[PDB]
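Shown below, as structure tokens, is a lone chain in the form deposited in one PDB entry; questions about how it binds or moves come after it.
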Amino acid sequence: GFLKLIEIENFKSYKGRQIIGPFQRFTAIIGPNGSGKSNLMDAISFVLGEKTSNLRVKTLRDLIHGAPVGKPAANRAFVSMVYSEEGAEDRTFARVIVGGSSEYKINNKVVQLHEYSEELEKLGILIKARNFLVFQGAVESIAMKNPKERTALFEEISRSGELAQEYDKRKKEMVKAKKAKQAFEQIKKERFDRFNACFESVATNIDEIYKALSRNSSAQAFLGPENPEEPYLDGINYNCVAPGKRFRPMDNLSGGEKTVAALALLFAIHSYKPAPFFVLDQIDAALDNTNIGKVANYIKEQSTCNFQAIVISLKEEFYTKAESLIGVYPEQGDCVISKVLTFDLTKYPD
């Protein structure tokens, strides 16, 4: 499972027809301050089916290069992705802007969005959950979550939170024919099971993730509900044995160890419904020299087996661990123009 190559024509700052990549197991997108790096992330969201309203433009045609300043470069634009799967031939997923409509194609076969997303979902790519993407600030956001805020996060990702209405509604019918109880225990078990189908997987994985991020067997990490019988009703506790430290809660961890533990939680949650590739947008922003190389090598190790890593990074200590660099640079022009270079880092020692 491998995003091999992205092709772009006239999409936001990527003027003209450009080839992005090929991508390697661990590829870093880098470059000086400019619009191009974040436009490439939007290109990936776009080709995986993201709604216009989630791409910070008001109209689909606003994604065509130059259309913001009333000079679109064409009536068409596109992003395509070549996707490779072991044992299968390559498939190209393309989304073309044709006037005001999208046109979706799998190997130049025109399909509706429903079928396009169905085929991506069979690959583990979930546009509704954005499982393939870690946005800026996601580490700092997860580090700030309290036990009850984690529970709501688990209620959402597990689709148990959509049973919260029928839950206390059947409890209402039960508080007042000793059979509405069994109707309530019925919906109680369904919410519990959907919750634990997700949560027990996440809780199982987090220890090994925390160990690999810490590069230390002495580290360990524990997830568990305050309310084991009905986890969704109360908070989720998160305790770590940080290397060379006592067994402590997360919300009491040292500033640097805390981000590593938030990272372990972040990754453990994505381990639940993982994508075959992971676009990490400045996931190293909250890192410092305590933990930058450890996390970079974790990504490096994970990239060989568990997921293709595509990282957008401003920090050399992080991105010099990638196999490939895609450098983004600006061209002078009417509007911002982005172009890319590719650089093979594996040719150099260290």
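We call the rigid core the largest set of C-alpha positions that still match within 1.5 Å between the two forms. All residue numbers refer to positions in the sequence shown, first residue = 1.
Another form exists, deposited with a small molecule bound; not displayed. Remarks below refer to it.
In terms of non-hydrogen atoms within 4.5 angstroms, which of the given stretches 286-294, 38-46, 300-308, 319-327 touches the small molecule in the entry with it bound? Looking at the partner contacts, the answer comes out as 38-46.
With the small molecule left out of view, which of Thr204, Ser141, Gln136, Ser254 would have a heavy atom within 4.5 Å of it in the entry with it bound? Exactly one listed residue reaches within 4.5 Å, namely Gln136.
Classify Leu63 as contacting or not contacting the small molecule in the entry with it bound by the rule of any non-hydrogen atom within 4.5 angstroms, answering yes or no. It does: once the small molecule is placed as it appears in the entry with it bound, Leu63 has a heavy atom within 4.5 Å of it.
4.5 angstroms heavy atom contact with the small molecule in the entry with it bound for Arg56: Yes, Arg56 is a contact residue.
Any of the heavy atoms of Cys335 lying within 4.5 Å of the small molecule in the entry with it bound? So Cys335 counts as contacting the small molecule.
Which of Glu190, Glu115, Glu121, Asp90 has its C-alpha displaced by 2 Å or more between this form and the one not shown after core superposition? The only residue crossing the 2 Å threshold is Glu190.
Taking 2 Å as the cut-off, check whether the CA of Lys105 shifts that much or more between this form and the one not shown after a rigid core fit. Superposed on the core, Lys105 moves its C-alpha less than 2 Å between this form and the one not shown.
Core-aligned CA displacement of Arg76 at least 2 Å between this form and the one not shown: Stays below the 2 Å threshold, so no.
Could you check, with the core superposed, whether the Cα atom of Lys169 shifts 2 Å or more between this form and the one not shown? After core superposition, the C-alpha of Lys169 moves 2 Å or more between this form and the one not shown.
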